[PDB]
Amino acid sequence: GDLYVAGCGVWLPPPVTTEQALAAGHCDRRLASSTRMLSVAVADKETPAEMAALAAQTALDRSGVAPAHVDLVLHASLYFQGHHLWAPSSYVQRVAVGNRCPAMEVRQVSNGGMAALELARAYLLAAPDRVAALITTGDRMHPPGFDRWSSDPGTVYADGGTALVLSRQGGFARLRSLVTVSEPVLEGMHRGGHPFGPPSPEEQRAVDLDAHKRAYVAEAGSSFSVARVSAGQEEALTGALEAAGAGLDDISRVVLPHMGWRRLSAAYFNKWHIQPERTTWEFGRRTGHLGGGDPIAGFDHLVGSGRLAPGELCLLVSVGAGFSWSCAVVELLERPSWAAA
């Protein structure tokens, strides 16, 4: 009883070029060069749930699934959703679905999209009469709290929404495997306070992940850190491929996080020895890191541009602070009508 992907979609605001960022002083020459980012999607006034809802409408329309058959709505994100004590998943449900199933947030930092997929799968499988689930992501990474170029140097953060419709009934792709790996010993890498003590008091101040990474490594050790990160990634990869009865050579396209060149090279290209041309590198480098929606955006790009053929397998690769890793193997069954040739 494998599940299906029935629809997917994105809403991306207009790109800002690396050239404009250089001219505005947001990016410097070394950072442009190390990341090799071409542009990043940047929202003027659209808010995260707004962008999530626009993406959901597209994904639902494409899926053909009726509102009455959406049994769950999960909205994932990693940054402030705009209003405290307010329900962004309810906005998404109101705007994009119009139905009355449960709607809630799921977060797992940059692995939020896949985390929601894990829980949505369980939800659909937990009762015989359930049909589809809507997963969305949305984030808006603006000043003063965040610097999309320098809060986490090496990765350039985008504004935008993504959505996927998961179904037990049918769809244009089959979810062949989905595996999540957890190394919570690394949780201290993304906060202040002692890595093996309680979190430091809250600031305030703009997000600065580099400062926390340096402190974590100083305490835990560089060798320990790198090895444990590599191990988690390896476990998710191998876990997902084995569960689908596949090897990396059987994968036609790999959906990777939208990190800069140097990070992807270290984590993936020079590690697994896969070619960048077989991945979503070119798409990601124009888009930026979409909170927890990268693997949805990248899969959506691959399918919509006809780069994936019936019977071909796609590997989704996602990671977030925590750390958590998810990999999934998806088999494309048919080219959907919204796709290009």
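Rigid core: the largest C-alpha set superposing within 1.5 Å between the two forms. Residue indices: 1-based, along the sequence shown.
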175-183 against 195-203 - segment lying farther from this form in 5 other deposited structures of this protein (CA RMS, rigid core fit): 195-203
Selected stretch [higher average CA B-factor]: 320-328 or 8-16: 8-16
Per the entry, higher mean C-alpha B factor between 42-50 and 291-299: 42-50
Most elevated Cα B-factor in the entry, residues 71, 187, 203, 234: 203
Candidate residues 239, 160, 145, 245, the one whose C-alpha B factor the record puts highest: 145
CA B-factor ranking of residue 194, expressed as a third of its chain: highest
Residue 170 - which third its CA temperature factor falls in, relative to the rest of the chain: highest
Residue 123 - which third its CA temperature factor falls in, relative to the rest of the chain: lowest
Assigned third (lowest, middle, highest) for the C-alpha B factor of residue 313: middle
Residue 219, C-alpha B-factor rank within chain (lowest, middle or highest third): highest
